[PDB]
Amino acid sequence: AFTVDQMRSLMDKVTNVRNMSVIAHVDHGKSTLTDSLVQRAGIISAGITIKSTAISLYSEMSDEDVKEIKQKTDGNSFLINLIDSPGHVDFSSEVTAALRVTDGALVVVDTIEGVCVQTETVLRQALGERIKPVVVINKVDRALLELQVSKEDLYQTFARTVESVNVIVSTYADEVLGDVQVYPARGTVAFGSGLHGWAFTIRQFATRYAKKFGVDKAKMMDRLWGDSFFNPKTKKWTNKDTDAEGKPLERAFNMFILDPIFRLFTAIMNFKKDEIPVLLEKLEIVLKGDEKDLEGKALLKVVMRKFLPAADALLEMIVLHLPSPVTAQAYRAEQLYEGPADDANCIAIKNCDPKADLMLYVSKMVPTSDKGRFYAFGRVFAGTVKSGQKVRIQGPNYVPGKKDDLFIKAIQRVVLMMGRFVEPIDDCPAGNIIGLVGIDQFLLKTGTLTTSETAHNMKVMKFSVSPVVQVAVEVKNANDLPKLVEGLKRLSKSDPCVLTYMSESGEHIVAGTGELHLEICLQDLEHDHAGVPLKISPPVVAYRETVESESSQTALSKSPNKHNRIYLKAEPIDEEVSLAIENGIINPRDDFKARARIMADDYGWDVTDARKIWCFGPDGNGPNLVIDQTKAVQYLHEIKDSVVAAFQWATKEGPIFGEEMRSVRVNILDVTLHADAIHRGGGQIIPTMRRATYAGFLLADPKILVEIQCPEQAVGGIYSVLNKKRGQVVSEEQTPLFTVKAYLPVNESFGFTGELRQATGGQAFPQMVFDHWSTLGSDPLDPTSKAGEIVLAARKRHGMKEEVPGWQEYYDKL
Ligand SMILES: CO[C@H]1[C@@H](O)[C@H](O)[C@H](OC[C@@]23C[C@@H]4[C@H](C)CC[C@H]4[C@@]4(C=O)C[C@@H]2CC(C(C)C)[C@@]34C(=O)O)O[C@@H]1C
Ligand SMILES: Nc1nc2c(ncn2[C@@H]2O[C@H](COP(=O)(O)OP(=O)(O)O)[C@@H](O)[C@H]2O)c(=O)[nH]1
């Protein structure tokens, strides 16, 4: 329990600060270990609550210990910030953000399960942030109590776990950091049981046996680990595991450190009441009062706490091995800073200079109980931030030259982020973590605060990574729409791999990396983010409605009045031309003359037809056209707007099942109008044109990028699956892996990710994006053909009649 003054004093000696977190796979004991740390060294102040985000620990080392610290030290007191990290381990950006504010990590590994993918994933991300690791092989009690494992087996298990870990480290750690691997002999590996208050270092035992073996501890701790044997028969220390006769010698670690512990466990747990007093006496352990009566685990717990007070082992590795900002910002400056390496701000970062201009990185926005207000959490890399200070808020898109994302505003208050609470403070110099109030509106997620107009902005760690699984989300109660729209924003910000957007059909879409990911997202969206009943339903694939040939016969339709008639034919527009329209070569607003010269000279069009295009559709710019081929219609000019409008309507909603048209050309052959405009009005001609277009369309023989990375030998599975799903290979490129690109119908992609791992031995990684467009040759009007099935499914899904109205339905015989 410290006062604000004591805390602030502790925060001045950043050489004696440790910013770190605990990395662990679910159930490996991350929680019980931190409870242990908190109960042993947690710090507390001598009605606003927050979600626990970080905890402060306090530790004192002996004068000799502090001498062993291979880094700048000021005194024997240490302040340890145990920073909370998310539990989602999908290489998410929320995790990367949390690690970014730490410098070291306590990696928890299970005695039995060893290093699992989740563990490798966070560690890999950590190494990517140049974080130094230290390991704790947890749940050791399981191997002794449940599995009855033997000493050499337990040893071997420990050694294999340590090797698995140093494989990940040696693979992803920056060579510039040197050897960041972990070594039990160097004290960077702890062993124990977070559930059961005892731990040790070889050093403590060396101290204990040095003045007893008549040898200095430097010599003793080297002998208490690895291949050092003490032959009781010769009374000598050797490095050979056998004697002259070749008989097996027990390792010094086993003989002097493990055996005493093993004997204590065995004697106490088996109630050997005549063997316990002696053993305790020999180890100089003293039971006082009610303790003398304890037995079994109760006695054990109490005896081990006295003999070797877990937290102690962990704190020792944290203080002695994890890195302290002055030291680190010297080699981290350039990465952290986008600007010039010779820049005034970069230098201020390298020197962790508190008198320079401000360089404060906003790690994330944290939820507060202050009615919808989020406080900015971050770290001062340069300068010092002050309450009421005028600063420059630069979002993710800011550039020193443009005024994008820029926001000048005063910082309302600078607060210490202590667990769920805050503590207003006047200022905070470079090298410290801190919270800012009043930045809510201008920044959401990461950012960069500066006090220099020149200041440039600041920068992120081996499952699917593409949002291939998507559903439509909608409120059950219309009035809730606002909360949903807001919830999606909140959801997107908290999840890097989550995607939300509005569909062509007006539905909010939420897409996730995999079925499970999407499920968490929807649960969180509904329960928290939006907090309102949501309705989930089918991603729907969009299709286009086109024609394969010219109308088999002139289309004829009359107006409601029955006085007006339009005669037309529909024909295919060449792909190259549709593409040209879609991509900017042939444009709706270009000068009709020059455009017609291009369409005629370069695309084979008849220049008169081209000069006479009346409009593009849908939306006035789509790849469908109306060309005027009439000769002597008197009031043509007066119906043009109605005809154009009807086309925008027809091409927007095709007659097959309501999808947009594409590559459809319509030629107006003739129009017969009533002499009086009353009759001829849009309300008469718009329906006529739309009815005729649908008819010409139906009479024209109507018709309606998956990137995979993987090893060579696995590629064969890819072709195997694709062939089972109307797939089609596109490209096979490459000394990393391979990358196969192919087209995969959307209605053949449900469960694809599963069948692919199954066919590639879990070695292939898919990625999918909507691509097109390809014309299906089957009949859209035949409920049993490939195209027809798709059309029948969409029609039922929309509550339309199953049978597709045929052309005769829009044809008005003369
Ligand atoms: C960056 O992420 C990308 C990729 O996931 C992919 O390109 C995806 O495709 C979405 C679709 C896009 C197509 C174009 C807009 C026209 C046709 C559209 C589609 C309709 O069937 C095909 C894909 C899949 C879709 C339906 C089923 C949702 C599309 C849609 O948005 O409706 O879009 C997101 C934003
Ligand atoms: N046997 C054993 N179980 C442990 C140990 N530490 C934690 N556990 C158990 O493992 C489960 C998960 O522990 P927890 O601390 O919540 O792990 P986390 O979710 O990874 O942080 C709980 O049932 C614990 O009681 C340990 O050292 N030994």
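Residues numbered from 1 in each chain as written, not as in the entry; some residues may be left out. Chains lettered and ligands numbered in written order. Heavy atoms only, no water.

- Determination of this PDB entry was carried out by cryo-EM to a resolution of 11.7 Å, according to the record.

### Quick look at the pairing of strand β5 (residues 132-138)
Line of reasoning, step 1. With respect to burial, β5 is a largely interior element, six of its seven residues being buried.
Line of reasoning, step 2. Pairing geometry for strand β4 (residues 104-110) and β5, over seven bridges, is parallel. By the bridge assignment for β5, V107 is matched with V135.
Line of reasoning, step 3. Handedness of the β-α-β unit built from β4, helix α5 (residues 117-128) and β5 comes out right-handed.
Line of reasoning, step 4. Note: β5 against strand β6 (residues 189-191), three bridges, orientation parallel. The residue of β6 that forms the bridge with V135 is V189. (Buried < 20%, exposed > 50% of the residue type's maximum accessible area, 1.4 Å probe, protein only. Helix = DSSP H or I, 4+ residues; strand = E, 2+ residues; numbered from the N terminus. Pairing = 2+ DSSP bridges. Right-handed = clockwise from strand over helix to strand, strands pointing away.)

### Thoughts on the sheet that holds strand β20 (residues 499-502)
Line of reasoning, step 1. The strand order β20-β21-β19-β22 describes an open sheet built from four strands, whose pairing is antiparallel. Each end of this open sheet is capped by a strand with a single partner; those strands are β20 and β22 (534-537). The mean inter-strand angle of the sheet, taken between neighbouring strand axes irrespective of direction, is 30 degrees.
Line of reasoning, step 2. Relative to strand β21 (residues 508-512), β20 is paired through four bridges, and the arrangement is antiparallel. Looking at the pairing, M502 lines up with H508 of β21.
Line of reasoning, step 3. Seen against the sheet, helix α16 (residues 481-494) touches β19 (469-475), β20, β21 and β22 and runs at an angle of roughly 25 degrees to β21. (Axes fitted to C-alpha atoms, helices over the stretch in contact; angles between N-to-C directions. Contact = heavy atoms within 4.5 Å.)

### Quick notes on the site of ligand 2
Line of reasoning, step 1. Close to ligand 2 lie 15 residues, the nearest being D27, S31, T32, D141 and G194.
Line of reasoning, step 2. The contact in question runs from an oxygen atom of ligand 2 to an N or O atom on the side chain of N138, over 3.3 Å.
Line of reasoning, step 3. A distance of 3.1 Å separates an oxygen atom of ligand 2 from a polar side-chain atom of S193.
Line of reasoning, step 4. For ligand 2, whose accessible area on its own is 580 Å², the fraction buried by protein is 71%.
Line of reasoning, step 5. When residues of the shell around ligand 2 are traced back to their parent elements, those giving at least two are α2 (30-41) and α6 (140-145). (Near = heavy atom within 4 Å. Polar contact = N/O pair within 3.5 Å; in protein donor to acceptor, adjacent residues only side chain to side chain. Areas by Shrake-Rupley, 256 points an atom, 1.4 Å probe, with all protein chains shown as cover.)

### Structural notes on the site of ligand 1
Line of reasoning, step 1. Residues in contact with ligand 1, as listed here, are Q470, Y501, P539, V540, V541, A542, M768, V769, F770 and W773.
Line of reasoning, step 2. At 2.9 Å, a backbone N or O of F770 approaches an oxygen atom of ligand 1.
Line of reasoning, step 3. A total of 690 Å² of accessible area belongs to ligand 1 in isolation, and the protein chains cover 67% of it.
Line of reasoning, step 4. Here the shell around ligand 1 spans two domains, and each of domain 4 (462-544) and domain 6 (703-814) adds at least three residues to it. (Domains from an automatic or database assignment.)

### Some words on the domain arrangement of the chain
By a frequent convention, interface size equals the accessible area lost on bringing the separate parts together.
Line of reasoning, step 1. Taken domain by domain, the chain holds domain 1 (1-201 + 309-324), domain 2 (202-308), domain 3 (325-461), domain 4 (462-544), domain 5 (550-702) and domain 6 (703-814).
Line of reasoning, step 2. If you average the C-alpha positions of domain 4 and of domain 6, the two centres end up 23 Å apart.
Line of reasoning, step 3. Across the contact, 11 residues belong to domain 4 and 14 residues belong to domain 6.
Line of reasoning, step 4. In this assembly, domain 4 packs against domain 6 so that about 1,200 Å² is buried in total across both faces, 67% of it on carbon and sulfur atoms.
Line of reasoning, step 5. Among the residues of domain 4 in contact with domain 6, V468, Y543 and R544 are the three that bury the most area, contributing 41% of the side total.
Line of reasoning, step 6. Viewed at the interface, domain 6 and domain 4 are joined by zero salt bridges.
Line of reasoning, step 7. Joining domain 4 to domain 6, the criterion identifies zero residue pairs in polar contact.
Line of reasoning, step 8. Residue composition of the side of domain 4 that touches domain 6, by class: seven nonpolar, two polar and two charged. (Buried area = accessible area lost by both parts, 1.4 Å probe. Salt bridge = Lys/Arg side-chain N within 4 Å of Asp/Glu carboxyl O. Nonpolar A, V, L, I, M, F, W, Y, C, P; charged D, E, K, R; others polar.)

### Brief notes about the sheet that holds strand β30 (residues 706-710)
Line of reasoning, step 1. Ordered by their spatial adjacency, three strands build an open sheet running β30-β32-β31, and the pairing between neighbours is antiparallel. Single-partner strands in this sheet number two, and they are β30 and β31 (728-733). Between one strand axis and the next, the sheet turns through 25 degrees on average, direction left out of account.
Line of reasoning, step 2. Sheet strands touched by helix α23 (residues 712-724): β30, β31 and β32 (738-743). Its angle to β32, the strand with the most contacts, is close to 10 degrees.

### Some points on the environment of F205
Line of reasoning, step 1. Here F205 lies in helix α8 (residues 202-213).
Line of reasoning, step 2. Ignoring anything within four residues of it in the chain, the contact list for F205 reads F200, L224, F256, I257, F307 and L308.

### Re the state of the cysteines
Line of reasoning, step 1. In the structure shown here, the tally under the stated rule is zero disulfides.
Line of reasoning, step 2. Distance from the sulfur of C497, which forms no disulfide, to the nearest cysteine sulfur (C521) is 8.9 Å. (Disulfide = S-S within 2.5 Å.)

### As for α8
Line of reasoning, step 1. Of the positions making up α8, those classed as buried are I202, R203, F205, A206, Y209 and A210. Viewed end-on, α8 has its buried residues packed into an arc of 145 degrees, placing them on one side of the element. Looking at α8, the residues exposed on the side facing more than 90 degrees away from the buried face are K211 and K212.
Line of reasoning, step 2. Positioned one or two residues after α8, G214 has a phi angle of 70 degrees, which is positive. (Arc of directions from axis to C-beta.)

### Section: the pattern of salt bridges
Line of reasoning, step 1. Going through the model one piece at a time under the given rule, you end up with 35 salt bridges.
Line of reasoning, step 2. When the shortest N-O distance is used, the salt bridge between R8 and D12 registers 2.9 Å.
Line of reasoning, step 3. Relative accessible area serves as the criterion here: at 26%, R8 is assigned to the partly exposed category.
Line of reasoning, step 4. Across the pair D609 and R665 runs a salt bridge, and its minimum N-O distance is 2.8 Å. Pair noted here: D609 is in helix α20 (residues 607-611) and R665 is in strand β28 (residues 664-672), with a separation of 56 residues, a long-range link. Here the two residues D609 and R665 agree in accessibility, since each one is buried.
Line of reasoning, step 5. Each of the salt bridges in this network shares a partner with another, and the network as a whole consists of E64, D65, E68, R203 and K217.

### A closer look at the pairing of strand β1 (residues 17-24)
Line of reasoning, step 1. For β1, the buried fraction is high: eight of the eight residues fall into the buried class.
Line of reasoning, step 2. Going residue by residue along β1, you find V17, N19, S21 and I23 tucked away on one face and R18, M20, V22 and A24 tucked away on the opposite face as well.
Line of reasoning, step 3. Note that β1 and strand β3 (residues 77-83) share four bridges and pair parallel. The partner of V17 across the bridge, within β3, is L79.
Line of reasoning, step 4. Bridging between β1 and β4 involves five bridges; their strand directions are parallel. Looking at the pairing, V22 lines up with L106 of β4.

### A closer look at the packing of aromatic side chains
Describing an aromatic ring pair means giving the distance of the ring centres and the angle of the ring planes.
Line of reasoning, step 1. Overall, the coordinates contain 20 aromatic pairs when judged by the stated rule.
Line of reasoning, step 2. An angle of 65 degrees between the planes, with centres 5.4 Å apart, marks the rings of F213 and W237 as edge-to-face. Here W237 lies in strand β8 (residues 236-238) and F213 lies in helix α8, a separation of 24 residues in the sequence.
Line of reasoning, step 3. A ring pair is formed by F407 and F442, whose centres lie 5.3 Å apart and whose planes are at 35 degrees; its orientation type is tilted. Taken together, the residues span a long stretch of sequence, with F407 in strand β13 (residues 406-410) and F442 in the loop between β17 (433-437) and β18 (447-450) at a distance of 35 residues.
Line of reasoning, step 4. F407 gets classed as partly exposed once you look at its relative accessible area, which sits at 30%. (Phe/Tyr/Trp six-rings, centres within 6.5 Å; stacked < 30°, edge-to-face > 60°.)

### Structural notes on the side chain of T693
Line of reasoning, step 1. Note that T693 resides in helix α22 (residues 682-698).
Line of reasoning, step 2. Those residues in contact with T693 that lie beyond four places of it in its chain are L568, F647, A650, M661 and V666.

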